[PDB]
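Asker: Sharing start-v6.cif here; it has mmCIF, C-alpha atoms.
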data_target
#
loop_
_atom_site.label_atom_id
_atom_site.label_comp_id
_atom_site.auth_asym_id
_atom_site.auth_seq_id
_atom_site.Cartn_x
_atom_site.Cartn_y
_atom_site.Cartn_z
CA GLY A 2 -21.29 8.09 -21.30
CA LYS A 3 -22.61 6.25 -24.37
CA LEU A 4 -25.76 8.39 -24.28
CA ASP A 5 -24.33 11.74 -23.22
CA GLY A 6 -26.44 14.46 -24.79
CA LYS A 7 -29.16 12.03 -25.91
CA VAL A 8 -32.87 11.98 -25.01
CA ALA A 9 -34.65 8.65 -24.61
CA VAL A 10 -38.34 7.73 -24.38
CA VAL A 11 -39.02 4.34 -22.74
CA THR A 12 -42.66 3.19 -22.88
CA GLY A 13 -43.70 1.16 -19.86
CA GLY A 14 -40.64 2.52 -18.09
CA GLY A 15 -41.80 2.43 -14.50
CA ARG A 16 -41.13 -1.21 -13.57
CA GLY A 17 -39.21 -4.29 -14.47
CA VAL A 18 -37.09 -4.29 -17.60
CA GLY A 19 -38.41 -0.87 -18.60
CA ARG A 20 -37.23 0.61 -15.29
CA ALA A 21 -33.81 -1.08 -15.70
CA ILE A 22 -33.51 0.46 -19.17
CA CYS A 23 -34.32 3.94 -17.86
CA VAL A 24 -31.75 3.62 -15.05
CA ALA A 25 -29.08 2.20 -17.39
CA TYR A 26 -29.75 4.97 -19.88
CA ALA A 27 -29.41 7.69 -17.23
CA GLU A 28 -26.22 6.01 -16.02
CA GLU A 29 -24.93 6.44 -19.61
CA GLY A 30 -25.82 10.15 -19.69
CA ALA A 31 -29.32 10.16 -21.20
CA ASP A 32 -32.21 12.43 -20.36
CA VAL A 33 -35.13 10.04 -19.89
CA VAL A 34 -38.90 10.22 -20.49
CA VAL A 35 -40.54 7.51 -18.34
CA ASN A 36 -43.87 6.70 -19.98
CA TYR A 37 -46.49 4.76 -18.03
CA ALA A 38 -50.05 3.69 -18.67
CA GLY A 39 -51.25 3.45 -15.07
CA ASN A 40 -48.63 3.34 -12.37
CA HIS A 41 -47.69 6.97 -11.96
CA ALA A 42 -46.12 6.29 -8.58
CA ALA A 43 -43.71 3.70 -10.00
CA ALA A 44 -42.72 6.02 -12.87
CA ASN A 45 -42.07 8.81 -10.37
CA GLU A 46 -39.83 6.46 -8.42
CA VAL A 47 -37.74 5.96 -11.57
CA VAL A 48 -37.66 9.70 -12.15
CA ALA A 49 -36.48 10.14 -8.56
CA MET A 50 -33.71 7.56 -8.90
CA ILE A 51 -32.51 9.28 -12.05
CA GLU A 52 -32.52 12.73 -10.45
CA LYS A 53 -30.57 11.34 -7.48
CA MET A 54 -27.87 10.29 -9.96
CA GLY A 55 -27.58 13.86 -11.13
CA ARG A 56 -29.47 13.20 -14.38
CA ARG A 57 -32.78 14.43 -15.70
CA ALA A 58 -36.07 12.61 -16.21
CA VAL A 59 -39.81 13.24 -16.52
CA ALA A 60 -42.79 10.90 -16.25
CA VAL A 61 -45.65 10.94 -18.76
CA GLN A 62 -48.99 9.08 -18.82
CA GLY A 63 -50.02 7.47 -22.09
CA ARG A 64 -51.43 4.22 -23.47
CA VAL A 65 -49.47 4.33 -26.70
CA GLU A 66 -51.94 2.22 -28.71
CA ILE A 67 -54.00 5.46 -28.65
CA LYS A 68 -52.57 7.75 -31.31
CA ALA A 69 -52.94 11.02 -29.40
CA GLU A 70 -51.26 9.45 -26.35
CA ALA A 71 -48.37 8.12 -28.43
CA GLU A 72 -47.94 11.65 -29.81
CA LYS A 73 -48.11 13.09 -26.27
CA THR A 74 -45.41 10.73 -25.11
CA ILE A 75 -43.04 11.64 -27.93
CA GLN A 76 -43.84 15.34 -27.61
CA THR A 77 -42.93 15.28 -23.90
CA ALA A 78 -39.34 14.52 -24.90
CA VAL A 79 -39.24 17.45 -27.35
CA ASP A 80 -40.98 19.86 -24.96
CA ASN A 81 -38.79 19.07 -21.94
CA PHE A 82 -35.49 18.20 -23.55
CA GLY A 83 -35.60 19.58 -27.08
CA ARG A 84 -35.22 16.36 -29.11
CA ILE A 85 -35.87 12.61 -29.05
CA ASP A 86 -32.91 10.38 -29.88
CA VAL A 87 -34.01 6.93 -28.70
CA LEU A 88 -37.46 5.37 -28.69
CA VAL A 89 -37.79 2.09 -26.76
CA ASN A 90 -41.15 0.40 -27.47
CA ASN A 91 -41.10 -1.66 -24.26
CA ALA A 92 -44.73 -1.27 -23.11
CA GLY A 93 -46.61 -4.58 -23.12
CA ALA A 94 -43.75 -6.88 -24.27
CA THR A 95 -44.07 -9.30 -21.35
CA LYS A 96 -47.78 -9.08 -20.54
CA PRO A 97 -49.15 -12.48 -19.44
CA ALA A 98 -50.62 -13.07 -22.93
CA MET A 99 -47.06 -12.67 -24.31
CA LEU A 100 -45.77 -15.60 -22.19
CA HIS A 101 -48.45 -18.30 -22.77
CA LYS A 102 -48.81 -21.34 -25.01
CA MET A 103 -50.94 -20.96 -28.18
CA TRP A 108 -50.11 -16.39 -31.37
CA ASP A 109 -49.97 -14.39 -34.60
CA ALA A 110 -53.14 -12.52 -33.49
CA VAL A 111 -51.56 -11.63 -30.13
CA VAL A 112 -48.48 -10.06 -31.78
CA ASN A 113 -50.60 -7.85 -34.08
CA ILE A 114 -52.43 -6.12 -31.20
CA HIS A 115 -49.11 -5.43 -29.47
CA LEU A 116 -47.85 -4.01 -32.78
CA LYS A 117 -50.13 -0.96 -32.80
CA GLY A 118 -48.39 0.94 -30.00
CA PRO A 119 -44.93 0.57 -31.55
CA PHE A 120 -46.32 1.64 -34.92
CA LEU A 121 -47.94 4.81 -33.51
CA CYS A 122 -44.88 5.75 -31.42
CA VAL A 123 -42.51 5.40 -34.38
CA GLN A 124 -44.95 7.33 -36.54
CA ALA A 125 -44.96 10.17 -34.03
CA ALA A 126 -41.19 10.13 -33.50
CA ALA A 127 -40.43 10.01 -37.23
CA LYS A 128 -41.21 13.72 -37.66
CA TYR A 129 -38.46 14.56 -35.16
CA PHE A 130 -36.00 11.92 -36.33
CA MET A 131 -36.26 13.47 -39.77
CA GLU A 132 -35.74 17.01 -38.46
CA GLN A 133 -32.82 15.77 -36.38
CA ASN A 134 -31.36 13.66 -39.14
CA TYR A 135 -30.77 11.09 -36.37
CA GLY A 136 -32.78 8.51 -34.42
CA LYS A 137 -32.75 5.11 -32.72
CA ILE A 138 -35.67 2.71 -32.46
CA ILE A 139 -35.70 -0.43 -30.35
CA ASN A 140 -38.75 -2.68 -30.39
CA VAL A 141 -39.22 -5.33 -27.72
CA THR A 142 -40.99 -8.62 -27.93
CA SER A 143 -41.06 -12.07 -26.38
CA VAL A 144 -40.11 -15.34 -28.08
CA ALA A 145 -42.79 -17.58 -29.64
CA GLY A 161 -45.87 -10.21 -40.58
CA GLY A 162 -45.35 -8.92 -37.02
CA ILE A 163 -42.75 -7.07 -34.94
CA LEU A 164 -39.67 -8.19 -36.87
CA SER A 165 -41.18 -7.22 -40.20
CA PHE A 166 -42.16 -3.82 -38.79
CA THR A 167 -38.64 -3.38 -37.37
CA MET A 168 -37.15 -3.90 -40.83
CA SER A 169 -39.73 -1.76 -42.61
CA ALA A 170 -38.88 1.21 -40.42
CA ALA A 171 -35.18 0.43 -40.84
CA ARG A 172 -35.54 0.63 -44.61
CA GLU A 173 -37.73 3.75 -44.71
CA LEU A 174 -35.74 5.79 -42.16
CA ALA A 175 -32.16 4.74 -42.96
CA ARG A 176 -31.50 7.86 -44.99
CA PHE A 177 -32.16 9.98 -41.90
CA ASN A 178 -29.50 8.15 -39.90
CA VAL A 179 -32.14 6.24 -37.95
CA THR A 180 -31.53 2.65 -36.89
CA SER A 181 -34.45 0.28 -36.13
CA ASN A 182 -33.75 -2.97 -34.24
CA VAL A 183 -35.61 -5.40 -32.01
CA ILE A 184 -34.79 -7.28 -28.81
CA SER A 185 -36.67 -10.49 -28.01
CA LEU A 186 -36.81 -11.36 -24.31
CA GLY A 187 -36.73 -15.06 -23.54
CA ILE A 188 -35.55 -15.41 -19.95
CA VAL A 189 -37.32 -15.04 -16.63
CA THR A 190 -36.35 -11.79 -14.93
CA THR A 191 -36.54 -11.54 -11.14
CA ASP A 192 -39.34 -8.92 -11.27
CA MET A 193 -41.45 -11.58 -12.97
CA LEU A 203 -47.42 -21.05 -19.77
CA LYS A 204 -44.61 -21.37 -22.35
CA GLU A 205 -41.99 -24.07 -21.84
CA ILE A 206 -39.06 -21.62 -22.25
CA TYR A 207 -40.08 -20.04 -18.90
CA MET A 208 -41.30 -23.22 -17.13
CA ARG A 209 -37.81 -24.71 -17.63
CA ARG A 210 -36.11 -21.74 -15.95
CA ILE A 211 -38.68 -21.48 -13.11
CA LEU A 212 -38.31 -25.17 -12.18
CA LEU A 213 -34.50 -24.80 -12.47
CA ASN A 214 -34.56 -21.49 -10.48
CA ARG A 215 -32.50 -19.68 -13.12
CA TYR A 216 -33.60 -16.03 -13.08
CA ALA A 217 -31.95 -12.95 -14.62
CA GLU A 218 -31.96 -9.52 -13.11
CA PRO A 219 -33.56 -6.79 -15.26
CA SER A 220 -30.26 -4.90 -15.01
CA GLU A 221 -28.60 -7.72 -16.96
CA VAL A 222 -30.92 -7.11 -19.93
CA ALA A 223 -30.39 -3.33 -20.07
CA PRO A 224 -26.96 -3.38 -21.80
CA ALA A 225 -28.47 -4.75 -24.99
CA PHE A 226 -30.78 -1.73 -25.00
CA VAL A 227 -27.81 0.58 -24.49
CA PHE A 228 -26.13 -1.11 -27.46
CA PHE A 229 -29.08 -0.69 -29.84
CA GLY A 230 -29.69 2.81 -28.51
CA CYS A 231 -26.23 4.40 -28.94
CA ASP A 232 -23.71 4.78 -31.75
CA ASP A 233 -22.30 1.34 -31.03
CA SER A 234 -25.00 0.24 -33.45
CA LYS A 235 -24.61 3.09 -36.01
CA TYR A 236 -24.10 0.54 -38.79
CA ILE A 237 -26.44 -2.14 -37.35
CA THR A 238 -30.07 -1.85 -38.35
CA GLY A 239 -33.05 -4.08 -39.14
CA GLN A 240 -31.78 -6.79 -36.82
CA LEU A 241 -32.84 -8.89 -33.85
CA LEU A 242 -31.02 -9.91 -30.64
CA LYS A 243 -32.57 -12.82 -28.71
CA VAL A 244 -31.96 -12.50 -24.99
CA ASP A 245 -32.91 -16.13 -24.31
CA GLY A 246 -29.90 -17.76 -22.65
CA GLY A 247 -29.31 -20.13 -25.55
CA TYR A 248 -32.70 -21.82 -25.09
CA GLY A 249 -33.36 -22.07 -28.85
CA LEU A 250 -30.23 -24.25 -29.11
CA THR A 251 -32.32 -27.25 -27.96
#
Show how you would write the structure in this file as structure tokens.

Answerer:
Amino acid sequence: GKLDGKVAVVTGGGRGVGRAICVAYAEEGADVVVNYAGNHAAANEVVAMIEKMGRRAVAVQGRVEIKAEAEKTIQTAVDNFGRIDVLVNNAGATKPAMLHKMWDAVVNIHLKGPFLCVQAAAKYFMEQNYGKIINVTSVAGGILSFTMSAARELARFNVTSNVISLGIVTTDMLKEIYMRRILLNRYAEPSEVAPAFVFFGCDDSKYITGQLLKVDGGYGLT
């Protein structure tokens, strides 16, 4: 498994793309912390699917824009599994505000949770001399600049910091990039987006940091 021996924290992991990431990570050998803000029952369903595979997972409640709750979420990984290898800042990436026509003041409120989670994980990445950060956003001083800042400051601890921009309509789920696909009935399953998170979360990307992958089906090519 690409993630054998690794511990991953996925914020907003109970549904949708977050749930697909947790399942894909467990499939690749990870121990998984399923963070949720509200839907405990959905996060427990992910934990149950992962345990049925023969892997390990725990759910944790936290709104990670609140600093103590970001720390709690990171600490749950260390307390249950001893370390935190991968942090996936998924929570909030495809909120309705993230999909509508307008924008630079919407991306700076969604930037506080990723900032606090990285800040809390950094202590452990430094002790481990290893870490993986994946930020998540949706297509349109913000998330990309923060991705590269962390990449530069944590490189010497063997931490990579990358970002995935989601730009397709997933089946679990008014900007023209999504109107086009809805009228054309072209949907992606969340499971089809998870491999990019496995890539940026395992040693396939050891030498790839500060970079963006746009999961948008080529839409920007028009």

Asker: May I have the residues within 12 Å of residue A:98 as an mmCIF file with C-alpha atoms, in the coordinates of the input, using all atoms listed in the file and disregarding those fewer than 4 positions away in the same chain?

Answerer:
data_model
loop_
_atom_site.group_PDB
_atom_site.id
_atom_site.type_symbol
_atom_site.label_atom_id
_atom_site.label_comp_id
_atom_site.auth_asym_id
_atom_site.auth_seq_id
_atom_site.Cartn_x
_atom_site.Cartn_y
_atom_site.Cartn_z
ATOM 1 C CA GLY A 93 -46.610 -4.580 -23.120
ATOM 2 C CA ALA A 94 -43.750 -6.880 -24.270
ATOM 3 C CA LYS A 102 -48.810 -21.340 -25.010
ATOM 4 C CA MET A 103 -50.940 -20.960 -28.180
ATOM 5 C CA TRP A 108 -50.110 -16.390 -31.370
ATOM 6 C CA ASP A 109 -49.970 -14.390 -34.600
ATOM 7 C CA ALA A 110 -53.140 -12.520 -33.490
ATOM 8 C CA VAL A 111 -51.560 -11.630 -30.130
ATOM 9 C CA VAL A 112 -48.480 -10.060 -31.780
ATOM 10 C CA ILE A 114 -52.430 -6.120 -31.200
ATOM 11 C CA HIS A 115 -49.110 -5.430 -29.470
ATOM 12 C CA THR A 142 -40.990 -8.620 -27.930
ATOM 13 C CA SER A 143 -41.060 -12.070 -26.380
ATOM 14 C CA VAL A 144 -40.110 -15.340 -28.080
ATOM 15 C CA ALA A 145 -42.790 -17.580 -29.640
ATOM 16 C CA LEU A 203 -47.420 -21.050 -19.770
ATOM 17 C CA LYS A 204 -44.610 -21.370 -22.350
#

Asker: Nearest to residue A:170: which of A:123, A:58, A:242, A:193 is it, counting all atoms listed in the file?

Answerer: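 Closest to residue A:170, using all atoms listed in the file: A:123.
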
Asker: I'd like the contact shell of residue A:181 - 7 Å cut-off, all atoms listed in the file, skipping same-chain residues fewer than 6 positions apart - returned as an MDAnalysis selection string.

Answerer: chainID A and resid 137:139 167:168 170:171 238:239

Asker: I'd like to know which of A:18, A:175, A:164, A:49 is closest to residue A:236, using all atoms listed in the file.

Answerer: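 Using all atoms listed in the file, the shortest distance to residue A:236 belongs to A:175.
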
Asker: Evaluate the PyMOL selection byres ((chain A and resi 187) around 8) against this structure - the residues, as a list in words, please.

Answerer: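 Applied to this file, the PyMOL selection byres ((chain A and resi 187) around 8) returns residues 143, 144, 185, 186, 188, 189, 206, 207, 243, 244, 245 and 246 of chain A.
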
Asker: I would like the residues chosen by the PyMOL selection byres ((chain A and resi 74-89) around 7) on the shown file; could you give them as a ChimeraX atom specification?

Answerer: /A:7-12,34,36,61,63,70-73,90-91,125-126,129,135-140,230

Asker: Keeping C-alpha atoms for every residue in the selection just given, could you write it to a file as a PDB file, in the coordinates of the input?

Answerer:
ATOM      1  CA  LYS A   7     -29.160  12.030 -25.910  1.00  0.00           C
ATOM      2  CA  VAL A   8     -32.870  11.980 -25.010  1.00  0.00           C
ATOM      3  CA  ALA A   9     -34.650   8.650 -24.610  1.00  0.00           C
ATOM      4  CA  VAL A  10     -38.340   7.730 -24.380  1.00  0.00           C
ATOM      5  CA  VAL A  11     -39.020   4.340 -22.740  1.00  0.00           C
ATOM      6  CA  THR A  12     -42.660   3.190 -22.880  1.00  0.00           C
ATOM      7  CA  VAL A  34     -38.900  10.220 -20.490  1.00  0.00           C
ATOM      8  CA  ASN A  36     -43.870   6.700 -19.980  1.00  0.00           C
ATOM      9  CA  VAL A  61     -45.650  10.940 -18.760  1.00  0.00           C
ATOM     10  CA  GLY A  63     -50.020   7.470 -22.090  1.00  0.00           C
ATOM     11  CA  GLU A  70     -51.260   9.450 -26.350  1.00  0.00           C
ATOM     12  CA  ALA A  71     -48.370   8.120 -28.430  1.00  0.00           C
ATOM     13  CA  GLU A  72     -47.940  11.650 -29.810  1.00  0.00           C
ATOM     14  CA  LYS A  73     -48.110  13.090 -26.270  1.00  0.00           C
ATOM     15  CA  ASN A  90     -41.150   0.400 -27.470  1.00  0.00           C
ATOM     16  CA  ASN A  91     -41.100  -1.660 -24.260  1.00  0.00           C
ATOM     17  CA  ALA A 125     -44.960  10.170 -34.030  1.00  0.00           C
ATOM     18  CA  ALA A 126     -41.190  10.130 -33.500  1.00  0.00           C
ATOM     19  CA  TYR A 129     -38.460  14.560 -35.160  1.00  0.00           C
ATOM     20  CA  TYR A 135     -30.770  11.090 -36.370  1.00  0.00           C
ATOM     21  CA  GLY A 136     -32.780   8.510 -34.420  1.00  0.00           C
ATOM     22  CA  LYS A 137     -32.750   5.110 -32.720  1.00  0.00           C
ATOM     23  CA  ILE A 138     -35.670   2.710 -32.460  1.00  0.00           C
ATOM     24  CA  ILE A 139     -35.700  -0.430 -30.350  1.00  0.00           C
ATOM     25  CA  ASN A 140     -38.750  -2.680 -30.390  1.00  0.00           C
ATOM     26  CA  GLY A 230     -29.690   2.810 -28.510  1.00  0.00           C
TER      27      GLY A 230
END

Asker: Please return, as a PyMOL selection string, all polymer residues that have at least one atom within 7 Å of the point (-35.1, 3.8, -16.6); use all atoms listed in the file and the file's own coordinate frame.

Answerer: chain A and resi 14+19-27+35+47

Asker: As a list in words, please: the residues near residue A:55 (cut-off 12 Å, all atoms listed in the file, same-chain neighbours under 5 positions excluded).

Answerer: residues 24, 27, 28, 29, 30, 31, 32, 48, 49 and 50 of chain A

Asker: Which value, in Å to one decimal, gives the distance between atom CA of residue A:41 and atom CA of residue A:15?

Answerer: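 Atom-to-atom, atom CA of residue A:41 to atom CA of residue A:15, that is 7.9 Å.
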
Asker: Go ahead and compute the interatomic distance for atom CA of residue A:166 and atom CA of residue A:250, in Å to one decimal.

Answerer: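 Separation of atom CA of residue A:166 and atom CA of residue A:250: 25.6 Å.
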
Asker: Between A:92, A:162, A:99, A:215, single out the one closest to residue A:116, counting only C-alpha atoms.

Answerer: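 Looking at the shortest contact to residue A:116, the residue is A:162.
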
Asker: Find, counting all atoms listed in the file, the residue in A:221, A:117, A:45, A:56 that gets nearest to residue A:2.

Answerer: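 Nearest candidate to residue A:2 out of A:221, A:117, A:45, A:56: A:56.
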
Asker: Do you have the atom CA of residue A:67-atom CA of residue A:119 distance handy?

Answerer: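 If I compute the distance from atom CA of residue A:67 to atom CA of residue A:119, I get 10.7 Å.
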
Asker: Which is closer to residue A:228 than all the others in A:38, A:249, A:180, A:212, using all atoms listed in the file?

Answerer: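 Nearest candidate to residue A:228 out of A:38, A:249, A:180, A:212: A:180.
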
Asker: Have a look at A:237, A:13, A:127, A:68 and name the one nearest to residue A:43; count all atoms listed in the file.

Answerer: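 For residue A:43, the nearest of the candidates is A:13.
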
Asker: Return as lines of an AutoDock Vina configuration file the centre and edge lengths, in Å with one decimal, of the box along x, y and z that encloses every atom of stretch 82-93 of chain A in the file, padded by 6 Å per side.

Answerer:
center_x = -39.8
center_y = 7.5
center_z = -26.5
size_x = 25.7
size_y = 36.2
size_z = 18.8
